[PDB]
Amino acid sequence: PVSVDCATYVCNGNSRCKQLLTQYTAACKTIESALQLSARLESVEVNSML
Amino acid sequence: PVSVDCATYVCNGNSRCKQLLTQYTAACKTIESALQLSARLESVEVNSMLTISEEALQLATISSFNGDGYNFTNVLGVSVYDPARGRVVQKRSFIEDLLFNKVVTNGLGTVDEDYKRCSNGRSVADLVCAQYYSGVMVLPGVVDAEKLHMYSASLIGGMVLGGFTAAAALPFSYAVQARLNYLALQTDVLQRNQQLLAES
Amino acid sequence: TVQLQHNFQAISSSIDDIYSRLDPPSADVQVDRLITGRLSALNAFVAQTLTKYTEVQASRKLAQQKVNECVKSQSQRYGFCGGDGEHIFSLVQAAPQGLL
Amino acid sequence: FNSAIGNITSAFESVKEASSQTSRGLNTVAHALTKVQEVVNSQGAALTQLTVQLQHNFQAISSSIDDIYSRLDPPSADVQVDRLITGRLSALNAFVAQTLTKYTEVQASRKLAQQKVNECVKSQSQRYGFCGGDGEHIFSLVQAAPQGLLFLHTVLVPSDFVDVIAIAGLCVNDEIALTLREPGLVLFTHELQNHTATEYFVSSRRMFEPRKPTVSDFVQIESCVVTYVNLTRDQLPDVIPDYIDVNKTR
Amino acid sequence: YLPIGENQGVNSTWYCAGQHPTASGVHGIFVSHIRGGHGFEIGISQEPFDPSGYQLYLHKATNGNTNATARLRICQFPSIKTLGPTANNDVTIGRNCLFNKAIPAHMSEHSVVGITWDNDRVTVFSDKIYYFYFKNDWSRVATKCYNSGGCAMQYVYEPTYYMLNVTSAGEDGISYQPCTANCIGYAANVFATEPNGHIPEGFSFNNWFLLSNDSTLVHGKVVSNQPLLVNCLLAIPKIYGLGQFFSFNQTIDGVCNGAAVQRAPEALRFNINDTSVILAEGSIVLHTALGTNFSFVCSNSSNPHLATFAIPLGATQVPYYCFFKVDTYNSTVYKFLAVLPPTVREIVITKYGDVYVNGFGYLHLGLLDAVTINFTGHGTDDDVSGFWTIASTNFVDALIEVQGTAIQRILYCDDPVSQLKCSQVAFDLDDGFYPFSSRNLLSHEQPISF
Amino acid sequence: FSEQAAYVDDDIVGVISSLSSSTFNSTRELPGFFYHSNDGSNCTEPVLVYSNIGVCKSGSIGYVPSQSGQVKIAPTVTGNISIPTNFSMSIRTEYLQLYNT
Ligand SMILES: *[C@@H]1O[C@H](CO)[C@@H](O[C@@H]2O[C@H](CO)[C@@H](O[C@@H]3O[C@H](CO[C@H]4O[C@H](CO)[C@@H](O)[C@H](O)[C@@H]4O)[C@@H](O)[C@H](O[C@H]4O[C@H](CO)[C@@H](O)[C@H](O)[C@@H]4O)[C@@H]3O)[C@H](O)[C@H]2NC(C)=O)[C@H](O)[C@H]1NC(C)=O
Ligand SMILES: *[C@@H]1O[C@H](CO)[C@@H](O[C@@H]2O[C@H](CO)[C@@H](O[C@@H]3O[C@H](CO)[C@@H](O)[C@H](O)[C@@H]3O)[C@H](O)[C@H]2NC(C)=O)[C@H](O)[C@H]1NC(C)=O
Ligand SMILES: *[C@@H]1O[C@H](CO)[C@@H](O[C@@H]2O[C@H](CO)[C@@H](O[C@@H]3O[C@H](CO)[C@@H](O)[C@H](O)[C@@H]3O)[C@H](O)[C@H]2NC(C)=O)[C@H](O)[C@H]1NC(C)=O
Ligand SMILES: *[C@@H]1O[C@H](CO)[C@@H](O[C@@H]2O[C@H](CO)[C@@H](O[C@@H]3O[C@H](CO)[C@@H](O)[C@H](O)[C@@H]3O)[C@H](O)[C@H]2NC(C)=O)[C@H](O)[C@H]1NC(C)=O
Ligand SMILES: *[C@@H]1O[C@H](CO[C@@H]2O[C@@H](C)[C@@H](O)[C@@H](O)[C@@H]2O)[C@@H](O[C@@H]2O[C@H](CO)[C@@H](O)[C@H](O)[C@H]2NC(C)=O)[C@H](O)[C@H]1NC(C)=O
Ligand SMILES: *[C@@H]1O[C@H](CO)[C@@H](O[C@@H]2O[C@H](CO)[C@@H](O)[C@H](O)[C@H]2NC(C)=O)[C@H](O)[C@H]1NC(C)=O
Ligand SMILES: *[C@@H]1O[C@H](CO)[C@@H](O[C@@H]2O[C@H](CO)[C@@H](O)[C@H](O)[C@H]2NC(C)=O)[C@H](O)[C@H]1NC(C)=O
Ligand SMILES: *[C@@H]1O[C@H](CO)[C@@H](O[C@@H]2O[C@H](CO)[C@@H](O)[C@H](O)[C@H]2NC(C)=O)[C@H](O)[C@H]1NC(C)=O
Ligand SMILES: *[C@@H]1O[C@H](CO)[C@@H](O[C@@H]2O[C@H](CO)[C@@H](O)[C@H](O)[C@H]2NC(C)=O)[C@H](O)[C@H]1NC(C)=O
Ligand SMILES: *[C@@H]1O[C@H](CO)[C@@H](O[C@@H]2O[C@H](CO)[C@@H](O)[C@H](O)[C@H]2NC(C)=O)[C@H](O)[C@H]1NC(C)=O
Ligand SMILES: *[C@@H]1O[C@H](CO)[C@@H](O)[C@H](O)[C@H]1NC(C)=O
Ligand SMILES: *[C@@H]1O[C@H](CO)[C@@H](O)[C@H](O)[C@H]1NC(C)=O
Ligand SMILES: *[C@@H]1O[C@H](CO)[C@@H](O)[C@H](O)[C@H]1NC(C)=O
Ligand SMILES: *[C@@H]1O[C@H](CO)[C@@H](O)[C@H](O)[C@H]1NC(C)=O
Ligand SMILES: *[C@@H]1O[C@H](CO)[C@@H](O)[C@H](O)[C@H]1NC(C)=O
């Protein structure tokens, strides 16, 4: 299970960069959303596996 | 299935831009071809697996059904005459009704917008028209959700269809007994023996 | 859709504006920037769509076998029909692009 | 079989020949041959696309590098070539992922193919409708294909139905519940002896192969039910030619 | 390989019988007469009997004429040996199929249905012109004929060339006969421009150059805008005793050969056939956007300004330096046009100064207006002219099939089916759903809104 | 606006368009769009199939009916049952790719 802080990953933690990052809107959100979705799906399915 | 006017998705009909796109060869064309290939495939197989039996459709309504100890009210889809052009239809089962209305953000998939009104172009345009004007077309679902429901009804009827015709719609207790004997021969099927399973 | 918003390092996302603001050579140069961006983003959309197409293809296959070998009749394949135990049968209801 | 093979072979012999697309789409020859068509096209398509990518002067002064080196000082030439470098590798990446996608899929395919040859070819499998279509898969054939195999699953389809009356079981003298042990059988009377002679026959649950039953096919049951046929001991030889009345023989 | 005709010329050797002649090295075949519908069977197979290639067979034993469809197939079919639609032979009926649409064999009694296979291109005369670029080694023929006037069917081992006036359309007024000493090029420079202004199908592009702007594709297909619309086609074989001022903005004034569009052209393409025309200087005189006059002089010398281009050599033997004198008041120099290439085939020029040479834009300078000619093709020079055809040309988008940097076939894009084809990349397209654009205003005439 | 061309029979027998009309004397309305052809007749046989729609070779358009499948008699324990009999053995086709080059 791996996740990334898209915002600080790109913006280097700079909010002044986050200003521009927000303009891409869900470009940042979808990444992490899908990542955690897959991770949680994997977790639950393997927990039911065992 | 989704199609795109790649030509306009890039050029937006700009002639000079189209000429520039020409140099990129069939990359756009290959893309669109792959898209349509996938769509047509998807269609052909999903149509292939969907096979509906009419006798099953007969047995598939609640009134036709004999849920002997098997309370299928939410299970089955109600079949009533549809005033829509005199045709009789079977509305989807209560369960699927809940699933769609509560889960689908618009309840049902029939919300698929005609681009006829999109070609109307008189009033302001919605998101569907915004993307259509971007050259984005949403081909409707290959198979109806109502077709899906009636297919499921066909599945259920075939589940309870004990013969080639409608004269062999045995009570579902008989089918359960058969499947049990399939997995394990029954030495004594008491009334409670079947009933407990039914009520549980 | 939002890709068209992205001015791919050009001066604008408006092709006609680029033509207006530049001589043909430089204009075609700049529009190529977004042309590439659009094409690329579209390509990625293509691949991911195929990805979903493929997996759902396998999915529908699995559903097909499940219905044939469990729904049409209970399977001797223990545990196969939606989990372990003596699966006496199963029943299917419709779902958005799917089945229960 | 001779029919089917020949006229399917004809279906191969042309496209939309005789408008025989009642057998259209999946599980039909057209579907498979189409698939193979895209199969053979795809590799060349991807390779050619990758090749054609590199001509695009990706934001650089030219699609080739030594011109960049010659025309300007190396530092700037490095600057420009960076964009080409990125473009080339990026296209490689997308191609790579596409290829892997293909590898993943075909890997799934071969897994299924090996399953299919095991379950369907080396023996006929009881799992219903598994071998490329519903019905009883008697067996199948296989033929080579570009990067793949075609499988020809022979499956019976009834032309008729015998509307027989099944028997839940017997209760002889209202005393002994006797029932077929085997779930896969059906006891009935039909044809002229459906009701005229009540000749009892057992046949496959799957299909119609009637024959007289045998006591060896029956078993005692603790509980009678009203569905069971009332019977008498003298009817046991009548019902079963294989029954023996031990007491009278003694 | 035209029909050899029934009596004119040497020709004769008409088979026209159930004799079932089988001759090798045949490249033309014609049936000038089926007596209503009486049988006709032709088997065109590679003489070494190679099934690797696509075999060919035409069969019509039935005598229904229109309904006695000649079962035609360019397919890997039974290389039928003696007689019969299939017969006893090698290769099964459906080994490999390329074309099998049985085209009906309805024709007039004096009508001729013919096929020629040459230069890896196939032309078919079954009621139309079916011109295609496709590989072929089909010099084996096995026949069955029913005699029809003694001049029904013939093999053709040699090419016959017929000059046609075409005073009238149809069987009448063609004035057909084997004629003229301008055999090849004037049979490869003329055409009958379609009323739309296109090249009729059947043209082989004897010397036609695709306009590659830098570097020529050797083999493939490309959709591009090339001046394939024909305006007032002029095809004068080896005669130009003309002092002419070709001008844009005006449909080029000449004896417009085919069903020409009387449209003011923007380009013009040549099918020149003698090189000495360039030796006769003044063949190209020019007036450009500035109005500056312009001369063209080709000669072995390389310096007009240090030496006279008074040519001491004739019939080349030296690639003649072509220099292009500026003829304005404050510029009177000879720009080196080009070292004369070993052999020019076709030259095309455009309104916007596109001096295009043999598939190359040597100059493509600012817009030209007056492309004036003084090629001294007068007197006996009226039989020395290189001018063999010239056609005014309008740019048109079309898909071009080319092999070995040689034009094979064309497809315009105006028609919606053709529009989809050129929108696609293949001349042929498959039955499916394809993207398309709603037809805009054909006349641009876009009003301004501010 | 974007449109679809039904290039069947190597011909644009019909055009799917959001626009009501086209250069076709024949036109049917679909729930999502318009179809324009020189044949608005009731497409009995889809020479081409797409989504739930089928198109005939003349430009006729219609909706593809679902193909009913082979009946399987559900197992029972008694009563009347139609035992299948006199089977014709038909061969179904199934291609599987084995590898990529
Ligand atoms: C080698 O490379 C050179 C590079 O420039 C090419 O030169 C250009 O070639 C193109 C190809 O045809 C020429 O395009 C034509 O331009 C003509 C003049 O342009 C005016 O008109 C267009 C269109 O109206 C305007 O957009 C433009 O701003 C000018 O006002 C036009 O007459 C042609 O348009 C035709 O079609 C349109 C519809 O699409 C009609 O409305 C027009 O009336 C007309 O019928 C066409 O657009 C381009 O002009 C060339 N450059 C120059 C500077 O002229 C060579 O062609 C290329 N190949 C060689 C050398 O063989
Ligand atoms: C089994 O089916 C095959 C079909 O594949 C039959 O084989 C075919 O038999 C013919 C008989 O001569 C072979 O020649 C063909 O003959 C016809 C009639 O003369 C002719 O018109 C053809 O041009 C060809 O010469 C043919 O090659 C052969 N194979 C094929 C068609 O693939 C076979 O007879 C059948 N046998 C049984 C027992 O059913
Ligand atoms: C263009 O096509 C012609 C086809 O005729 C090719 O050959 C040339 O044809 C002309 C016919 O008008 C020949 O003219 C004749 O020349 C002889 C001697 O040269 C003369 O005695 C005759 O009276 C007549 O004028 C011409 O010679 C001949 N060219 C040759 C033989 O080299 C020509 O090659 C084609 N060229 C191109 C570039 O397409
Ligand atoms: C809209 O225009 C199209 C294009 O002309 C019409 O389609 C075709 O119209 C002809 C003229 O009647 C029909 O021909 C008729 O049937 C046969 C064809 O050979 C023959 O006996 C006659 O030629 C007879 O006139 C042809 O069937 C028809 N094709 C179609 C409809 O696919 C069309 O009729 C026009 N009207 C509409 C679409 O309402
Ligand atoms: C057609 O040619 C004639 C010249 O006579 C031709 O001679 C041969 C070349 C032959 O192949 C045929 O073309 C002609 O018979 C041109 O003018 C005609 O000349 C004849 C001579 O007497 C005269 O009777 C006609 O009235 C003329 N006009 C015609 C036939 O229309 C003519 O210009 C050429 N082209 C056309 C389109 O007719
Ligand atoms: C069978 O199911 C039906 C509905 O699935 C049950 O009927 C509903 O019971 C609820 C209980 O709160 C009531 O509120 C509804 O008004 C009933 N009718 C509906 C939903 O139409 C029924 O109780 C079940 N058992 C039977 C019929 O024996
Ligand atoms: C099968 O079902 C039918 C109807 O449910 C049963 O009733 C018979 O129906 C047929 C008409 O199809 C009549 O000819 C018979 O007379 C009916 N039976 C009686 C006892 O009257 C039928 O018994 C069932 N079993 C079969 C047909 O074997
Ligand atoms: C066989 O004999 C049994 C025993 O008499 C019969 O069962 C009776 O059926 C009637 C029909 O309603 C009931 O009222 C009785 O209560 C049953 N008695 C029992 C179960 O002991 C049965 O009907 C006879 N026939 C068959 C075909 O089973
Ligand atoms: C024509 O095609 C349509 C399908 O779009 C079919 O629609 C029928 O039209 C009549 C006209 O009055 C209605 O009464 C029917 O109810 C319609 N049928 C359905 C299922 O809605 C029609 O069947 C076709 N005509 C034929 C096949 O002859
Ligand atoms: C094949 O199907 C037929 C149709 O039900 C079965 O019965 C035959 O019916 C025809 C009708 O006239 C008779 O002429 C035949 O004599 C019947 N028998 C046969 C063997 O054809 C037939 O029983 C079925 N065959 C099998 C093997 O089940
Ligand atoms: C082949 O298939 C077609 C379509 O079902 C059928 O009409 C024909 O009789 C078949 N021929 C043979 C020999 O099976
Ligand atoms: C040659 O050019 C002169 C002018 O330079 C012009 O008057 C004449 O028409 C042209 N042609 C001939 C044959 O003299
Ligand atoms: C161009 O042609 C038009 C109409 O034929 C004419 O009015 C105009 O004067 C011409 N201009 C030139 C420069 O030839
Ligand atoms: C030569 O140039 C003059 C002016 O530059 C011009 O008037 C004249 O027309 C030109 N010659 C020809 C033959 O057009
Ligand atoms: C040529 O152009 C120059 C540039 O202005 C000008 O000074 C000169 O007078 C011109 N030559 C003439 C008019 O002969």
# chains A, B, ... in the order shown; residues from 1 in each chain; ligands from 1
$ residues_around --residues "residue C:89" --least-positions-apart "2" --cutoff "9 Å" --atoms "only C-alpha atoms" --output "JSON, numbers by chain"
{"B": [176, 179], "C": [70, 71, 72, 73, 74, 75, 81, 86, 87, 91]}
$ residues_around --residues "residue E:313" --least-positions-apart "2" --cutoff "10 Å" --atoms "only C-alpha atoms" --output "PDB file with N, CA and C atoms, in the first residue's frame"
ATOM      1  N   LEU E 279      16.318  23.850 -75.150  1.00  0.00           N
ATOM      2  CA  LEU E 279      17.412  24.387 -75.940  1.00  0.00           C
ATOM      3  C   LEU E 279      16.955  25.594 -76.741  1.00  0.00           C
ATOM      4  N   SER E 299      22.216  26.806 -71.131  1.00  0.00           N
ATOM      5  CA  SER E 299      23.304  26.535 -72.059  1.00  0.00           C
ATOM      6  C   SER E 299      24.491  25.995 -71.283  1.00  0.00           C
ATOM      7  N   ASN E 300      25.415  25.379 -72.021  1.00  0.00           N
ATOM      8  CA  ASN E 300      26.570  24.741 -71.403  1.00  0.00           C
ATOM      9  C   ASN E 300      27.395  25.735 -70.604  1.00  0.00           C
ATOM     10  N   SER E 301      27.428  26.992 -71.034  1.00  0.00           N
ATOM     11  CA  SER E 301      28.158  28.011 -70.300  1.00  0.00           C
ATOM     12  C   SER E 301      27.486  28.271 -68.959  1.00  0.00           C
ATOM     13  N   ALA E 310      25.567  32.173 -75.635  1.00  0.00           N
ATOM     14  CA  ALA E 310      25.475  31.747 -77.020  1.00  0.00           C
ATOM     15  C   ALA E 310      26.018  30.331 -77.071  1.00  0.00           C
ATOM     16  N   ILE E 311      25.111  29.370 -77.176  1.00  0.00           N
ATOM     17  CA  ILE E 311      25.426  27.970 -76.935  1.00  0.00           C
ATOM     18  C   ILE E 311      26.252  27.413 -78.087  1.00  0.00           C
ATOM     19  N   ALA E 315      21.863  19.456 -78.616  1.00  0.00           N
ATOM     20  CA  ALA E 315      21.403  18.171 -78.089  1.00  0.00           C
ATOM     21  C   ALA E 315      22.134  17.819 -76.795  1.00  0.00           C
ATOM     22  N   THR E 316      22.314  18.825 -75.936  1.00  0.00           N
ATOM     23  CA  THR E 316      22.920  18.686 -74.613  1.00  0.00           C
ATOM     24  C   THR E 316      24.376  18.242 -74.675  1.00  0.00           C
ATOM     25  N   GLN E 317      24.643  16.978 -74.329  1.00  0.00           N
ATOM     26  CA  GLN E 317      25.987  16.451 -74.074  1.00  0.00           C
ATOM     27  C   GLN E 317      26.631  17.147 -72.883  1.00  0.00           C
ATOM     28  N   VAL E 318      25.929  18.124 -72.324  1.00  0.00           N
ATOM     29  CA  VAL E 318      26.339  18.874 -71.144  1.00  0.00           C
ATOM     30  C   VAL E 318      25.052  19.283 -70.446  1.00  0.00           C
ATOM     31  N   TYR E 320      22.817  21.592 -69.263  1.00  0.00           N
ATOM     32  CA  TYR E 320      22.889  23.002 -69.599  1.00  0.00           C
ATOM     33  C   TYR E 320      22.511  23.841 -68.391  1.00  0.00           C
TER      34      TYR E 320
END
$ residues_around --residues "residue D:55" --least-positions-apart "3" --cutoff "10 Å" --atoms "only C-alpha atoms" --output "PDB file with N, CA, C and O atoms, in the first residue's frame"
ATOM      1  N   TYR B  24       0.234  14.629 -38.546  1.00  0.00           N
ATOM      2  CA  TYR B  24       0.331  13.638 -37.492  1.00  0.00           C
ATOM      3  C   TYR B  24      -0.262  12.317 -37.899  1.00  0.00           C
ATOM      4  O   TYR B  24      -0.459  11.441 -37.050  1.00  0.00           O
TER       5      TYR B  24
ATOM      6  N   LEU D  50       5.277   3.873 -32.911  1.00  0.00           N
ATOM      7  CA  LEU D  50       6.449   4.256 -32.146  1.00  0.00           C
ATOM      8  C   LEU D  50       7.506   4.860 -33.048  1.00  0.00           C
ATOM      9  O   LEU D  50       8.088   5.903 -32.730  1.00  0.00           O
ATOM     10  N   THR D  51       7.742   4.233 -34.194  1.00  0.00           N
ATOM     11  CA  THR D  51       8.728   4.764 -35.120  1.00  0.00           C
ATOM     12  C   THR D  51       8.350   6.162 -35.558  1.00  0.00           C
ATOM     13  O   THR D  51       9.167   7.087 -35.516  1.00  0.00           O
ATOM     14  N   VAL D  52       7.090   6.344 -35.939  1.00  0.00           N
ATOM     15  CA  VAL D  52       6.699   7.616 -36.496  1.00  0.00           C
ATOM     16  C   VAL D  52       6.736   8.693 -35.436  1.00  0.00           C
ATOM     17  O   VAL D  52       6.859   9.877 -35.763  1.00  0.00           O
ATOM     18  N   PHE D  58      10.135  17.519 -31.279  1.00  0.00           N
ATOM     19  CA  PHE D  58       9.479  17.765 -30.012  1.00  0.00           C
ATOM     20  C   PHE D  58      10.024  19.031 -29.390  1.00  0.00           C
ATOM     21  O   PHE D  58      10.994  18.999 -28.628  1.00  0.00           O
ATOM     22  N   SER D  62      14.992  20.863 -34.277  1.00  0.00           N
ATOM     23  CA  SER D  62      15.010  19.873 -35.339  1.00  0.00           C
ATOM     24  C   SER D  62      14.739  18.507 -34.744  1.00  0.00           C
ATOM     25  O   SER D  62      14.876  18.296 -33.538  1.00  0.00           O
ATOM     26  N   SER D  63      14.371  17.575 -35.611  1.00  0.00           N
ATOM     27  CA  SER D  63      14.148  16.209 -35.174  1.00  0.00           C
ATOM     28  C   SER D  63      15.431  15.399 -35.122  1.00  0.00           C
ATOM     29  O   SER D  63      15.379  14.212 -34.789  1.00  0.00           O
ATOM     30  N   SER D  64      16.573  15.997 -35.450  1.00  0.00           N
ATOM     31  CA  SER D  64      17.846  15.310 -35.328  1.00  0.00           C
ATOM     32  C   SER D  64      18.828  16.200 -34.584  1.00  0.00           C
ATOM     33  O   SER D  64      18.700  17.425 -34.556  1.00  0.00           O
ATOM     34  N   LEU D  84      13.673  16.805 -26.881  1.00  0.00           N
ATOM     35  CA  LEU D  84      13.581  15.620 -27.721  1.00  0.00           C
ATOM     36  C   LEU D  84      13.779  14.356 -26.909  1.00  0.00           C
ATOM     37  O   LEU D  84      13.057  13.372 -27.090  1.00  0.00           O
ATOM     38  N   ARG D  88      11.053  11.365 -26.683  1.00  0.00           N
ATOM     39  CA  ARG D  88      11.317  10.018 -27.151  1.00  0.00           C
ATOM     40  C   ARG D  88      11.059   9.019 -26.046  1.00  0.00           C
ATOM     41  O   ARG D  88      10.290   8.067 -26.219  1.00  0.00           O
TER      42      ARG D  88
END
$ residues_near_ligand --ligand "ligand 8" --cutoff "8 Å" --atoms "only C-alpha atoms and all ligand atoms" --output "list in words"
residues 171, 174, 224, 225, 226, 227, 228, 229, 230 and 231 of chain D
$ write_last_selection --atoms "N, CA and C atoms" --output "mmCIF file, in the first residue's frame"
data_model
loop_
_atom_site.group_PDB
_atom_site.id
_atom_site.type_symbol
_atom_site.label_atom_id
_atom_site.label_comp_id
_atom_site.auth_asym_id
_atom_site.auth_seq_id
_atom_site.Cartn_x
_atom_site.Cartn_y
_atom_site.Cartn_z
ATOM 1 N N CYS D 171 -43.748 -45.678 -2.411
ATOM 2 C CA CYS D 171 -43.981 -46.204 -1.072
ATOM 3 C C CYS D 171 -44.759 -47.494 -1.277
ATOM 4 N N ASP D 174 -47.490 -48.836 1.276
ATOM 5 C CA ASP D 174 -47.432 -47.673 2.157
ATOM 6 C C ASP D 174 -46.466 -47.905 3.306
ATOM 7 N N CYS D 224 -41.975 -41.462 4.031
ATOM 8 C CA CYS D 224 -42.798 -41.337 2.844
ATOM 9 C C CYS D 224 -43.378 -39.933 2.759
ATOM 10 N N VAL D 225 -43.742 -39.540 1.543
ATOM 11 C CA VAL D 225 -44.469 -38.302 1.316
ATOM 12 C C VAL D 225 -45.595 -38.588 0.337
ATOM 13 N N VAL D 226 -46.614 -37.727 0.379
ATOM 14 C CA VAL D 226 -47.807 -37.934 -0.428
ATOM 15 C C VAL D 226 -47.476 -37.884 -1.908
ATOM 16 N N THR D 227 -46.337 -37.299 -2.268
ATOM 17 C CA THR D 227 -45.925 -37.322 -3.660
ATOM 18 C C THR D 227 -45.533 -38.718 -4.106
ATOM 19 N N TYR D 228 -45.160 -39.587 -3.176
ATOM 20 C CA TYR D 228 -44.698 -40.904 -3.569
ATOM 21 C C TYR D 228 -45.855 -41.750 -4.056
ATOM 22 N N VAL D 229 -45.565 -42.603 -5.018
ATOM 23 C CA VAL D 229 -46.600 -43.435 -5.603
ATOM 24 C C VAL D 229 -46.927 -44.568 -4.645
ATOM 25 N N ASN D 230 -48.215 -44.732 -4.350
ATOM 26 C CA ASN D 230 -48.665 -45.891 -3.597
ATOM 27 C C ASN D 230 -48.311 -47.147 -4.369
ATOM 28 N N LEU D 231 -47.864 -48.170 -3.656
ATOM 29 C CA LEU D 231 -47.487 -49.371 -4.368
ATOM 30 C C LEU D 231 -47.699 -50.575 -3.473
#
$ closest_residue --among "B:67, B:83, B:77, B:13" --to "ligand 9" --atoms "only C-alpha atoms and all ligand atoms"
B:83
$ interface_residues --of "chain B" --to "chain F" --cutoff "9 Å" --atoms "only C-alpha atoms" --output "VMD selection string"
chain B and resid 1 4 to 5 8 39 to 40 42 to 44 47 to 54 112 to 120 132 to 133 135 to 137 139 to 144 147 158 to 165 167 to 168 170 174 to 179 181
$ interface_residues --of "chain D" --to "chain F" --cutoff "6 Å" --atoms "only C-alpha atoms" --output "VMD selection string"
chain D and resid 27 to 29 32 106 110 132 147 to 168 207 to 208
$ interface_residues --of "chain E" --to "chain F" --cutoff "7 Å" --atoms "only C-alpha atoms" --output "PyMOL selection string"
chain E and resi 417+429-438
$ residues_near_ligand --ligand "ligand 14" --cutoff "6 Å" --atoms "only C-alpha atoms and all ligand atoms" --output "VMD selection string"
chain E and resid 291 to 293
$ write_last_selection --atoms "C-alpha atoms" --output "PDB file, in the first residue's frame"
ATOM      1  CA  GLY E 291       6.099  43.162 -62.269  1.00  0.00           C
ATOM      2  CA  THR E 292       9.799  42.539 -62.793  1.00  0.00           C
ATOM      3  CA  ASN E 293      10.324  40.753 -66.061  1.00  0.00           C
TER       4      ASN E 293
END
$ select_by_dssp --residues "chain C" --states "helix (DSSP H, G or I)" --output "VMD selection string"
chain C and resid 2 to 5 15 to 21 24 to 71
$ interface_residues --of "chain A" --to "chain C" --cutoff "10 Å" --atoms "only C-alpha atoms" --output "PyMOL selection string"
chain A and resi 23-27+49
$ interface_residues --of "chain C" --to "chain B" --cutoff "8 Å" --atoms "only C-alpha atoms" --output "MDAnalysis selection string"
chainID C and resid 1 15:16 28 31:32 35 38:39 43 46 50 53 57 64 71:74 76 86 88:89 91:97
$ residues_near_ligand --ligand "ligand 4" --cutoff "9 Å" --atoms "only C-alpha atoms and all ligand atoms" --output "count of residues only"
14
$ select_by_dssp --residues "stretch 77-183 of chain D" --states "strand (DSSP E or B)" --output "count of residues only"
37
$ residues_near_ligand --ligand "ligand 9" --cutoff "9 Å" --atoms "only C-alpha atoms and all ligand atoms" --output "ChimeraX atom specification"
/B:85-87 /F:28-30,40-44,61-63
